[PDB]
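A short write-up of the structure that comes next.
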RNA sequence: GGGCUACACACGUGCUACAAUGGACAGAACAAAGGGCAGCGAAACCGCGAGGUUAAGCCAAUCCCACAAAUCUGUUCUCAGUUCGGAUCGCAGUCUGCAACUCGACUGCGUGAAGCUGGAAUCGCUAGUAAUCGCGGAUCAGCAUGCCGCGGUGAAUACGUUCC
């Protein structure tokens, strides 16, 4: 590694708003995250909100 | 048309239910454009009068919440 | 930031939430009553509790990409089925039934 | 640190018994990750190269090379030289840290994220992430962002055929 | 049944804005003139709302339409294509009426555009006038930014006839 060229690297304690913590090494010493992988709904299988929401209109006869 | 129901003409309802009591047939020549599409119309090819001709349209699952005269523009343009 | 898109830090909450595609003024006031932020704070000045409640309330609401993709689905629906109202969607002529010898100048 | 241990411990026996190799060395390993930038606005905006010579030093601390055009192009208003695009190559521990940033931290922040494509394999066992917005993992700082200019990531395995690179990158954490 | 509502274009008249003398939210007040019998419709109830159900009173200086609005007073944003503006549009509604698809008005949610005071040219007004704000009525089931009246606040200037 060239000296005086690269920025530093400390042990990043990546957080998440769902409380899940994770560890990398970055420029930032500590990182707070609002949406991680396990918080994002695509990673969590068939998600709650958009997949429960995305039923197309059943020819809305109902009334 | 709010809570009184949807709208159809009685004659077109009569023709379609004669068509639906056995099986589908040829096109229905129908001057009523004002009438909504019930889900019981689907598959019945019907001929809407645009003003000068009878245009045949085949009714699908989507073409329900609209009316018949949405599928026949009356004004030719270019 | 909240729905995958920013809100401005230096506005009040009620109107910083307006810049999210799907929340105007009145859904923002319906949110902040449920959240309890009392409508008089910057969003540069909130707590993680107080903004996390805003986040998951908006996560319950049909906001960010859902709205655009479903409204494109409705427009593509009545374009594809036929449907003179979708013909007006296509050509650049007004949809709701409006005179065209004059202005109609949002659409062409 | 954690993605090497996850890869070795969980993946290498599981992938080795999934593809039934006749030796441990036949198991594909992600060798390098090449991050292309590809900023060609250096012609009309002469300073712009420093954007992502600044940013890609922050994306991974290995400084990218200010890469040059190898041929003069008149249709792009460009002579040979006048350097275009930055380039990071990556192998070691920071790279598994970088996939830890991509998989677990960044790719949620794609503001329209869905299944990123199955059809981004070349036919040899290599993958590319095509990025259009330069702020995905939280270091990028909207404050220091005006031009949204995205990125090309080239995830390069040692896989000889293609669908075993598929079953590698699914197990590393790429969603599809 | 359609069209007179077409639409690449020009072009008269108008409405709304581009904003702090502003926008939003809450409080307080002040009008005139006119309409109502198969019509005006109180109050109560429900609905976020457009409105809805039961129904008092009224052939009317009595009762209703009818809770005037700019205004004034507090709170709030702070000069940006924005807490400006509302076009367009999707969805959900409401009322009228055999029926609102072409082709109705209105509401509710959301999207939010052109526009930051307008080239050549050009119009109106001499006082309760111009500017601005609402109200009313004909027409009419329903449709008003038009028209016809009404009030609310309410100016600037006229040396002069050189010129059109």
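Determined by electron microscopy, 3.1 Å, according to the entry header.
Note: Cβ is positioned from N, Cα and C throughout, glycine not excepted.
Over in Swiss-Prot, the protein carries these features:
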BINDING   A:16, A:18, A:36, A:39  Zn(2+) binding site
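DSSP assigns residue A:18 (Zn(2+) binding site) to coil, not to a helix or a strand. Of all the binding-site residues listed here (A:36, A:39), the one with the fewest other CB atoms within 10 A of its own CB is A:39. For residue A:16 (Zn(2+) binding site), the same-chain residues 6+ apart in sequence whose C-beta sits under 8 angstroms from its C-beta are A:22, A:33, A:34, A:35, A:36, A:38, A:39.
Taking all protein chains in view, 14 other C-beta atoms sit within 10 angstroms of the C-beta of residue A:18 (Zn(2+) binding site). Checking the binding-site residues A:18, A:36, A:39 against chain D with a Cβ-Cβ cut-off under 8 Å leaves A:36, A:39, in sequence order.
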